[PDB]
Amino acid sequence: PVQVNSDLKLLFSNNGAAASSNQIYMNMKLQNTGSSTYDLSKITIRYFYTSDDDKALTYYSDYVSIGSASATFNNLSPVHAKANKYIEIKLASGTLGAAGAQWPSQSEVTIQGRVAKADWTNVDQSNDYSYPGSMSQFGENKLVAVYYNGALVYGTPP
């Protein structure tokens, strides 16, 4: 859809994960480059993917630099060649402060999460819309979408 203006930017990495992986890696830094402040409880992030066959997935919240994160797995509609589902990550609390503001205000938040099945089985990410290939270092992954109060602020949904 239409991307509403904001000063929000997403950096993404996956620990250099290959298309064939034991789990999905999502390491994200959401930055505020401007002078506004943003309420993290209003941020959602979607990582779009294709479900093998509706096997049960679990989201693991390894690290969140401000507040906490939780995830749901959801059907995507309409379906895309590379996605029939999305993970939605919601941040619970805290504030993205203005860029340059004094500690302990912070203008970015780091979110590190993993998605895995329970049955020991691996993931083929070559079929996941949001999988950008191997990204060891934080870079642009425009295939992950960020919303503020439900409005698209970053990335390109399927």
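Residue numbers here begin at 1 and follow the sequence given.
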Next on the checklist: Which is higher on mean Cα B factor in this entry, 85-93 or 117-125?
Outcome noted: 117-125
Item to check | Entry-level comparison of average CA B-factors, 51-59 and 26-34, reporting the higher stretch | outcome: 51-59
Checklist outcome for this item: Temperature factor at the Cα of residue 79, chain-ranked in thirds, falls in the highest
Checklist outcome for this item: On the chain's distribution of Cα B-factors, residue 67 falls within the third called lowest
Checklist entry - What third of its chain's C-alpha B-factors does residue 40 belong to: lowest, middle or highest? => result lowest
Checklist entry - For residue 98, does the deposited CA B-factor place it in the lowest, middle or highest third of the chain? => result middle
Checklist outcome for this item: Split the chain's modelled residues into thirds by Cα B-factor; residue 157 lands in the lowest
